[PDB]
Amino acid sequence: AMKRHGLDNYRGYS
Amino acid sequence: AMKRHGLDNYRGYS
Amino acid sequence: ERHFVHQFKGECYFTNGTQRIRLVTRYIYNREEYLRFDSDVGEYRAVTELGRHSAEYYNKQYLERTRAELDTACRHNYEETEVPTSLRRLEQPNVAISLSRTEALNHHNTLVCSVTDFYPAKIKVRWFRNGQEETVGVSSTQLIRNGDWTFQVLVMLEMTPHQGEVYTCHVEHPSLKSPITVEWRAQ
Amino acid sequence: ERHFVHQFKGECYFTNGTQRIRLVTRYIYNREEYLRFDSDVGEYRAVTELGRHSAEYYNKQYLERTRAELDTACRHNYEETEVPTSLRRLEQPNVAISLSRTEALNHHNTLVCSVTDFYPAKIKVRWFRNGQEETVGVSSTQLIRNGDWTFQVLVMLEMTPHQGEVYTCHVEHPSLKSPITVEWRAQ
Amino acid sequence: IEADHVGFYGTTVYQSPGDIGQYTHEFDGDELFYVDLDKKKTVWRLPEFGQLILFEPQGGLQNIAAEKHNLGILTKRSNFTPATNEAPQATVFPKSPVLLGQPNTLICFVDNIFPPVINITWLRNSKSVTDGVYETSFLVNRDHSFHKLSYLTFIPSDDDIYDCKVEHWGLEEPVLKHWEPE
Amino acid sequence: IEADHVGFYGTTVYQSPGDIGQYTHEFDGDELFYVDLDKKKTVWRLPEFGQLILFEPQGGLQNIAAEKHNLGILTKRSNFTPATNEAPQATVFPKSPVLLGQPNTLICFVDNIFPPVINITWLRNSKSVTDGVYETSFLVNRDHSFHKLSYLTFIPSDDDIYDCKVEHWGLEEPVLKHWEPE
Ligand SMILES: *[C@@H]1O[C@H](CO)[C@@H](O)[C@H](O)[C@H]1NC(C)=O
Ligand SMILES: *[C@@H]1O[C@H](CO)[C@@H](O)[C@H](O)[C@H]1NC(C)=O
Ligand SMILES: *[C@@H]1O[C@H](CO)[C@@H](O)[C@H](O)[C@H]1NC(C)=O
Ligand SMILES: *[C@@H]1O[C@H](CO)[C@@H](O)[C@H](O)[C@H]1NC(C)=O
Ligand SMILES: *[C@@H]1O[C@H](CO)[C@@H](O)[C@H](O)[C@H]1NC(C)=O
Ligand SMILES: *[C@@H]1O[C@H](CO)[C@@H](O)[C@H](O)[C@H]1NC(C)=O
């Protein structure tokens with residue numbers, strides 16, 4: 001069924 | 001102006 | 001010694017402003033409530049024996065008028081008198097921190113934040129250890145009602161003082177724009 | 001010893017169910033939050049220096065997606081996962097009355113109602129002396145969070161015991177239909 | 001009963017012998033004001049109060065009267081059944097923190113009063129004291145008992161000791177709550 | 001910030017040297033679960049939990065990854081600026097009332113941890129103990145510090161004495177919270 005979502009950790013500039 | 005009202009205490013049968 | 005007493009209580013209950021009003025009157029002999037009127041109910045009722053026939057009479061006689069006091073008296077009062085007074089009152093508090101027992105060796109001691117003279121009674125107090133919320137060790141008295149239309153309350157803090165340590169007593173209340181903070185150091 | 005740390009926090013704020021959701025994410029170096037995203041705001045922002053240009057990049061790159069996690073993540077989770085679990089959890093408490101110090105001469109003693117292992121944390125405790133509400137003498141600890149999804153709390157009672165007296169600890173909580181009462185006698 | 005606010009409007013009490021009555025109004029548990037049956041006027045708890053919205057004291061006289069009535073009627077009907085005295089229980093504490101030389105008020109909280117006729121007096125160093133003393137009208141307790149509060153305005157003293165004397169038919173020998181600064 | 005409920009969804013932490021990371025989800029302040037980076041799975045706080053609504057463990061590995069990245073980048077950018085240790089503060093208390101022979105859990109609440117690397121251990125009669133011991137993942141504190149909890153399931157004993165041993169780079173010499181039944 002429904003699953004828990006986790007906020008996306010966005011990468012910084014390389 | 002407005003005045004406070006007090007609930008009427010009703011008498012018992014005489 | 002011989003003595004007899006009779007009481008009459010007229011109580012108005014309000015939830016969410018006046019958008020819900022209940023009215024209860026009780027007739028009491030000594031400490032016995034024999035007769036009673038409830039808005040939710042509708043009519044006068046016998047609670048004990050002494051009230052058995054008292055009911056039948058009060059309805060045939062007052063019921064109408066009574067059902068009407070819920071406004072003339074309860075709704076009225078609140079809306080017309082309480083808003084400008086009772087419900088408006090705002091007594092800022094007083095914050096003071098005290099020490100359980102004379103100075104600290106570095107033993108189990110307790111700090112007493114003292115929040116007094118406030119009103120209404122909605123209030124939030126909390127200790128801090130160097131900006132840190134003190135979670136455990138806190139405990140407070142069941143809020144005191146002075147009777148003069150002001151409350152007080154003491155919030156204690158079990159703690160072991162070291163040096164350079166700071167203990168603050170954060171106090172929030174409707175009367176205050178900004179929270180009072182009272183610091184305390186192991187100087 | 002040399003050490004370096006970086007954290008990332010994703011927080012979802014809900015008021016009145018989901019009829020008001022706020023989302024905040026923080027990017028932290030050691031203990032410095034430099035960049036941040038807030039629903040109320042709308043775009044990523046620099047909080048400190050390290051985040052000066054980091055902001056400008058995250059928007060150009062993630063802004064859209066991010067602004068969308070407010071649903072795929074916040075709203076979703078709450079409505080889809082929290083209602084059936086967390087917000088449903090209902091752990092009944094445990095009540096037990098204890099005595100400050102071994103037996104009573106008829107001196108100042110204190111009874112410890114002990115409300116434990118409950119959840120959520122909305123709860124009402126109160127003492128009684130022979131059916132009478134003990135107004136003063138009560139004091140309790142600032143509710144404790146066990147960390148295993150349960151709370152506890154102690155409600156003390158300063159009192160002088162006589163004989164034939166009855167002290168009751170009335171405990172009300174959402175998990176219970178009828179309130180638990182726990183009596184105590186100076187046998 | 002649950003509610004956000006609760007007003008007691010016209011709470012009347014009468015008892016005899018003695019023909020002693022009381023008429024008061026409380027809001028959210030506090031004495032708005034009471035009615036002086038003698039000087040026949042509205043007597044408040046705080047000055048700042050009725051300084052705008054007043055109360056027709058007569059309306060009180062009208063419940064006491066009704067009550068005198070309802071009283072007799074019940075006395076008889078109950079078969080001249082007497083009210084059982086109770087053991088008032090007092091407790092003492094300071095309005096504000098204890099600081100030598102700093103004013104303050106001592107408070108005597110007496111509960112479980114009933115019948116509604118008691119005598120509370122203060123005492124410093126085992127001697128009786130007058131003035132700096134205020135008394136609240138009898139106040140209703142859920143179980144139709146009573147509570148009142150005596151206030152003693154004073155000043156802490158390294159030496160000084162105080163006691164709150166409580167007399168009632170519900171007590172063989174007077175009750176005394178002692179109190180002093182640590 | 002004000003709110004009725006608050007969920008931390010994806011709270012990720014990484015640090016080096018050591019390449020030590022953490023990914024967890026908390027609701028209304030509690031550890032829903034965490035993610036075991038090795039065995040790469042969803043590990044809850046309570047059994048009764050994910051027995052229906054699960055979480056794709058990869059999703060975490062993906063934030064730890066991102067973080068490893070963001071970590072480096074920032075280290076450099078900050079001019080290899082090191083994090084400052086702190087003095088963790090522990091406190092001990094029982095899950096339920098203390099009754100001899102009656103099971104119970106001892107709890108050590110260590111707050112202000114940081115860096116998120118500490119060593120908590122229990123001790124009965126000045127001797128170390130193992131099992132009946134559970135540990136919560138590091139948990140975020142508002143001021144980006146940390147708190148954790150160690151539970152010691154045991155049984156009261158008229159004699160017995162217990163201590164919570166707390167080690168951290170933020171303490172010259174170990175801290176020891178003592179505790180025993182009155
Ligand atoms: C109070 O009134 C509000 C007005 O918006 C209404 O929504 C609600 O039915 C009432 N409930 C409360 C706050 O007691
Ligand atoms: C929550 O939403 C309602 C609409 O259902 C709104 O009127 C009000 O602001 C809030 N009140 C509640 C239910 O707490
Ligand atoms: C009152 O007393 C009379 C005679 O003593 C008796 O018949 C009656 O049942 C009693 N009832 C009450 C109200 O006590
Ligand atoms: C009430 O005051 C009078 C006069 O001081 C006194 O005789 C009485 O004892 C007091 N209270 C009692 C016990 O009746
Ligand atoms: C970091 O070091 C560089 C090189 O010396 C310098 O130019 C810069 O201003 C410093 N800023 C920081 C990140 O502290
Ligand atoms: C953590 O465990 C290591 C390995 O045994 C040990 O050396 C250390 O003292 C413990 N706690 C500390 C001080 O980090």
Exercise. Within the stretch D:32-44, work out how many residues are buried (at least 16 other Cβ atoms within 10 Å of the Cβ) and either at the interface with chain F (Cβ under 9 Å from one of its Cβ atoms) or without any contact (Cβ under 8 Å) to a residue 12 or more places away in the chain (or both).
Key: 3
Quiz item: Between residues in the stretch C:80-107 that are within 14 Å of chain B (Cβ to nearest Cβ) and residues that are surrounded by 15 or more Cβ atoms within 10 Å (Cβ to Cβ), which pairs lie under 7 Å by C-beta distance while being six or more apart or on different chains?
Solution: C:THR81/B:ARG4; C:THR81/E:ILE53; C:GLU82/E:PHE27; C:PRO84/E:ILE53; C:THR85/E:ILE53; C:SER86/E:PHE27; C:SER86/E:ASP28
Quiz item: Considering C:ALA55, C:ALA46, C:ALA104, which residue is in the same structural domain as C:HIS173 (by CATH) and either over 30 Å from E:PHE33 (Cβ atoms) or within 16 Å of ligand 3 (Cβ to nearest atom) (or both)?
Solution: C:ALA104
Quiz item: Taking the stretch E:23-34 only, how many residues are at the interface with another protein chain (Cβ under 9 Å from one of its Cβ atoms) and either among the hydroxyl-bearing types (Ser, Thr, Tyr) or within 19 Å of E:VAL117 (Cβ to Cβ) (or both)?
Solution: 2
Quiz item: Would you pick out the residues in the stretch F:112-131 that are of a type in the set (A, V, I, L, M) and in a loop (DSSP other than H, G, I, E, B)?
Solution: F:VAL117, F:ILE118, F:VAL129
Exercise. Can you give me the number of residues within the stretch F:81-102 that are out of contact with any strand residue (DSSP E or B) (no Cβ under 9 Å at 6 or more places or on another chain) and either facing chain D (nearest Cβ under 10 Å) or closer than 13 Å to F:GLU180 by Cα (or both)?
Key: 4
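A quick yes/no check of all residues on (1) part of a strand (DSSP E or B); (2) touching an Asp or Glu at 6+ places or on another chain (Cβ under 9 Å); (3) within 16 Å of ligand 2 (Cβ to nearest atom); (4) not assigned by CATH to the domain that holds E:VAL175:
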site	(1), (2), (3), (4)
E:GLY21	yes, yes, no, yes
E:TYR34	yes, no, no, yes
E:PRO47	no, no, no, yes
E:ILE53	no, yes, no, yes
E:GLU56	no, no, no, yes
Quiz item: Scanning for something charged (D, E, K, R), away from ligand 6 (no atom under 16 Å from the Cβ) and buried (at least 20 other Cβ atoms within 10 Å of the Cβ), does the stretch C:65-86 turn up at least one residue?
Solution: yes
Practice problem: Would you mind stating whether E:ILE64 is within 16 Å of ligand 4 (Cβ to nearest atom), crowded, with 17+ Cβ neighbours inside 10 Å and more than 30 Å from C:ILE97 (Cβ to Cβ)? | Solution: no
Exercise. Filter the stretch D:115-132 for residues that are within 10 Å of chain F (Cβ to nearest Cβ) and among the polar types (S, T, N, Q) and give the result.
Key: D:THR116
Quiz item: Within the stretch D:13-67, restricting attention to residues that are aliphatic (A, V, I, L, M) and in a strand (DSSP E or B), which residue is farthest from ligand 5 (Cβ to nearest atom)?
Solution: D:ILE21
Self-check item: For E:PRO57: the one exception among (1) buried (at least 18 other Cβ atoms within 10 Å of the Cβ); (2) out of contact with any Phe, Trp or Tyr (no Cβ under 8 Å at 6 or more places or on another chain); (3) more than 11 Å from every other protein chain (Cβ to nearest Cβ)
Solution: (3)
Quiz item: Looking at (1) at the interface with chain D (Cβ under 10 Å from one of its Cβ atoms); (2) part of a strand (DSSP E or B), which is the only condition F:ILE73 fails?
Solution: (2)
Quiz item: Looking only at residues in the stretch D:1-56 that are out of contact with any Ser or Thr (no Cβ under 9 Å at 6 or more places or on another chain) and within 16 Å of ligand 2 (Cβ to nearest atom), which one is nearest to F:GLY21 (Cα to Cα)?
Solution: D:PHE14
Self-check item: Whichever residue in the stretch E:121-165 is within 22 Å of E:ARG45 (Cα to Cα) and touching a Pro at 6+ places or on another chain (Cβ under 7 Å) and, among such residues, is surrounded by the fewest Cβ atoms within 10 Å (Cβ to Cβ)
Solution: E:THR153
Self-check item: From the options E:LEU61, E:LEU74, residue that is free of Cβ contacts under 8 Å to residues at least 24 places away in the same chain and outside the structural domain of E:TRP169 (by CATH)
Solution: E:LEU74
Quiz prompt | Residue list for the stretch D:134-180, restricted to those being free of Cβ contacts under 8 Å to residues at least 24 places away in the same chain and hydroxyl-bearing (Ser, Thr, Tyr) | solution = D:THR135, D:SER139, D:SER140, D:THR141, D:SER178
Quiz item: Say we look at the stretch E:2-22 and pick out the residues that are touching a residue at least 60 places away in the same chain (Cβ under 8 Å) and either more than 27 Å from C:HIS3 (Cβ to Cβ) or at the interface with another protein chain (Cβ under 7 Å from one of its Cβ atoms) (or both); which of these is nearest to ligand 1 (Cβ to nearest atom)?
Solution: E:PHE8
Quiz item: Going through the stretch F:149-176 one residue at a time, which ones are touching a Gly at 6+ places or on another chain (Cβ under 9 Å) and within 28 Å of F:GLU26 (Cβ to Cβ)?
Solution: F:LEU149, F:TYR151, F:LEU152, F:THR153, F:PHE154
Quiz item: Taking D:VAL47, is it under 21 Å from F:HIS5 (Cα atoms), more than 12 Å from chain A (Cβ to nearest Cβ) and not small (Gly, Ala, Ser)?
Solution: no
Exercise. Test F:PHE80 against the criterion of being in contact with a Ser or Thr (Cβ under 6 Å, 6 or more places away or on another chain) and either within 27 Å of F:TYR9 (Cβ to Cβ) or surrounded by fewer than 19 Cβ atoms within 10 Å (Cβ to Cβ) (or both), and give yes or no.
Key: no
Exercise. Among what's in the stretch D:10-21 and is touching a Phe, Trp or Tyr at 6+ places or on another chain (Cβ under 9 Å) and at the interface with another protein chain (Cβ under 7 Å from one of its Cβ atoms), pick the residue that is farthest from ligand 6 (Cβ to nearest atom).
Key: D:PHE14
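Cβ: placed from backbone, ideal geometry, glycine included. Neighbour counts: every protein chain shown. What is reported rests on the model, the rules as stated and the sources as named; no laboratory instrument gave them.
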